[PDB]
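Below you'll find the structure, written out as structure tokens, and then a few comments.
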Amino acid sequence: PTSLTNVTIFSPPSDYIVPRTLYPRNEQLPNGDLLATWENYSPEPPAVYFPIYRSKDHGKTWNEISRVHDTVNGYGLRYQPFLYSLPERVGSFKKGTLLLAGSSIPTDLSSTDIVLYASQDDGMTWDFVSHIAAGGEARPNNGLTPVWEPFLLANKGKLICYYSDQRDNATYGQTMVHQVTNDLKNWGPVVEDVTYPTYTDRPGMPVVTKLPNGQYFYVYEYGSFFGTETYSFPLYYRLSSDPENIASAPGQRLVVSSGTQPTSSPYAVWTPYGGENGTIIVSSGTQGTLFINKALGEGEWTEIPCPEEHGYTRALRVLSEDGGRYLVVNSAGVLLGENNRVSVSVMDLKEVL
């Protein structure tokens, strides 16, 4: 791999509906190939889908290889995709099964349904596997009951889906939860992970990375007034060595040594590069820079430059090559952007950390 800056994965046609693209997610397959997807705001009918673009040259070039269509509901696979190559067998699904989770939503935004698709051929073909969790109207207003934003992680023969939940609307504006499965078909009960006792609090957007000491780094945006008249979405994290037990961990505000206060839609990854504990790398949805931590989340975070533009839930990935030397930084644009596109940069962590 090499350093790359602002490579276009997809530039949408102007007849796509603003924002046209949003919400980048990606995966690296064991052979090193990179896959990318996003919310694809094509005019309907037919129903929206999640496109799957591949790079076989470490991000230099990209080509569409498949599309994940809403074969289960016919509504459209509309919001919040997530790609995940299983690192171990789960039930009847071998290691290397490629999963997509994402939300099936009708055009009228009346409902949400996080569904799970699988591919056994590295993203060429797809089949519906299960519903994970369904809810109400797909708008982030209090009193509504949607579900949102799946994140998938396997551990001990199980798959965990973390997501944001508005269904307990009598008690919380929003929570984050998870469900677990040992077969991808049958999901356990909803487990509350992050809840707060002020109704107007809206923690959301869970992203997890495993650390080399066995702790899991669980990052989220914490929407709150914090007792003031002004709402914000600062980044918080919880640390636990049990990825199914988050509620018992106190939240920790991410503090940056420069004084930048990162907000919205985090993403976190870990590389072995940078020191004896490696480096945790975090993005927000608001800042173009990156935030790093060489002490497993202790102390303060160092803000570093980044050549990729800022964007909503900008996605990070530590590529496997050379033992974690290269970082993908992948944007799909800004909220309600008039000129969104899907792009990627690759940074050489040997040099930038």
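Residue numbers (the numbering used here): 27 to 379. From the three backbone atoms N, C-alpha and C, an ideal C-beta is built for every residue, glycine too.
Using the Cα positions of residue i and residue j, report the straight-line distance between them to the nearest angstrom.
i: residue 234; j: residue 262; result: 12 angstroms
i: residue 177; j: residue 130; result: 15 angstroms
i: residue 227; j: residue 27; result: 42 angstroms
i: residue 326; j: residue 189; result: 27 angstroms
i: residue 316; j: residue 289; result: 12 angstroms
i: residue 294; j: residue 232; result: 10 angstroms
i: residue 200; j: residue 168; result: 8 angstroms
i: residue 239; j: residue 323; result: 12 angstroms
i: residue 117; j: residue 349; result: 29 angstroms
i: residue 278; j: residue 254; result: 19 angstroms
i: residue 113; j: residue 104; result: 26 angstroms
i: residue 275; j: residue 203; result: 14 angstroms
i: residue 111; j: residue 198; result: 33 angstroms
i: residue 179; j: residue 109; result: 10 angstroms
Can you tell which of the options has its C-alpha closest to the C-alpha of residue i?
i: residue 159; options: 369, 135 and 214; result: 214
i: residue 39; options: 374, 375, 377 and 368; result: 368
i: residue 155; options: 142, 310 and 266; result: 142
i: residue 266; options: 225, 219 and 259; result: 219
i: residue 314; options: 330, 303, 336 and 296; result: 336
i: residue 99; options: 239, 137 and 108; result: 137
i: residue 29; options: 341, 351 and 361; result: 351
i: residue 320; options: 271, 300, 185 and 310; result: 300
i: residue 50; options: 338, 365, 205 and 34; result: 338
i: residue 241; options: 250, 146, 272 and 212; result: 272
i: residue 60; options: 356, 377, 157 and 365; result: 356
i: residue 170; options: 216, 157, 64 and 196; result: 196
i: residue 246; options: 212, 173, 230 and 101; result: 230
At a cut-off of 8 angstroms, would you count residue i as near the ligand MG, judging by its Cβ distance to the nearest heavy atom?
i: residue 84; result: The model depicted lacks the ligand MG and carries no ligand whatsoever.
Is the shortest distance between the beta-carbon of residue i and the beta-carbons of chain B less than 9 angstroms?
i: residue 62; result: Reference to chain B is not applicable here, since this structure consists of a single protein chain.
What residue range is occupied by the uninterrupted beta strand (DSSP E) comprising residue i?
i: residue 183; result: No beta strand (DSSP E) contains residue 183, which DSSP labels as neither H nor E.
i: residue 110; result: 103-111
i: residue 77; result: 76-81
i: residue 164; result: Where residue 164 is concerned, there is no enclosing beta strand (DSSP E), given that its DSSP letter is neither H nor E.
i: residue 50; result: 47-54
So, residue i versus residue j, is the Cβ gap smaller than 9 angstroms?
i: residue 345; j: residue 58; result: yes
i: residue 124; j: residue 139; result: no
i: residue 237; j: residue 303; result: yes
i: residue 76; j: residue 135; result: no
i: residue 151; j: residue 73; result: no
In the DSSP assignment, find the alpha helix (DSSP H) that holds residue i and state where it starts and stops.
i: residue 378; result: 375-378
i: residue 139; result: From DSSP, residue 139 is part of no alpha helix (DSSP H) but of the beta strand (DSSP E) over 138-145.
i: residue 347; result: 347-350
Practice problem: Please list the segments of the alpha helix (DSSP H) lying wholly inside the stretch 253-337, counting only runs of 4 or more residues, in order along the chain. | Solution: none
Quiz item: Going along the chain, which unbroken runs of the beta strand (DSSP E) with 3 or more residues stay wholly within the stretch 191-263?
Solution: 201-207, 217-220, 228-236 and 242-249
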